[PDB]
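Peer 1: For reference, the structure I am asking about is given below.
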Amino acid sequence: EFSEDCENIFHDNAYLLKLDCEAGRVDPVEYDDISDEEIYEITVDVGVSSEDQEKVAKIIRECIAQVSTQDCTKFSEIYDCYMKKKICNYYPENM
């Protein structure tokens, strides 16, 4: 699908964070929320439409809020929410 690149990138980040979290490099409780600046940076700054930003924005916040898991598996669970919500359909094919 058209979506594989976005998906792979989110997949990669999740996995990296997981590995780092395992390594005791990251703390899963800092991932309990997210700023508007981070959001812009992973939406518009990378090809999400201005018009669509809030729509992606909502999925990210819902997902983050929905994941009350606070171990290293949080990173992977959040990614699961993002795929479940089809977040990648809002991004361009190449990125």
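Along the chain as shown, the residues are counted starting at 1.
Looking at the header, which is where the method is noted, we find X-ray crystallography, 1.9 Å.
Cβ coordinates come from backbone N, Cα and C, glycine included.
Okay, these came from Swiss-Prot:
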DISULFID  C6-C88  disulfide bond
DISULFID  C21-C72  disulfide bond
DISULFID  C63-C81  disulfide bond
Peer 1: Between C81 (disulfide bond) and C72 (disulfide bond), what is the CA-CA distance rounded to a whole number of Å?
Peer 2: 15
Peer 1: Please report the distance from the Cα of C6 (disulfide bond) to the Cα of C21 (disulfide bond), rounded to the nearest angstrom.
Peer 2: 22
Peer 1: Tell me the Cα distance separating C88 (disulfide bond) from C21 (disulfide bond), rounded to the nearest angstrom.
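Peer 2: About 24 Å separate the Cα atoms of these two residues.
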Peer 1: What whole-number Å value do you get for the CA-CA distance of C63 (disulfide bond) and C88 (disulfide bond)?
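Peer 2: About 14 Å separate the Cα atoms of these two residues.
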Peer 1: Applying a 10 Å Cβ distance cut-off over all chains shown, what neighbour count does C6 (disulfide bond) have?
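Peer 2: The answer is 23.
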Peer 1: Around the C-beta of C81 (disulfide bond), how many further C-beta atoms are within 10 angstroms, looking at every protein chain?
Peer 2: 17
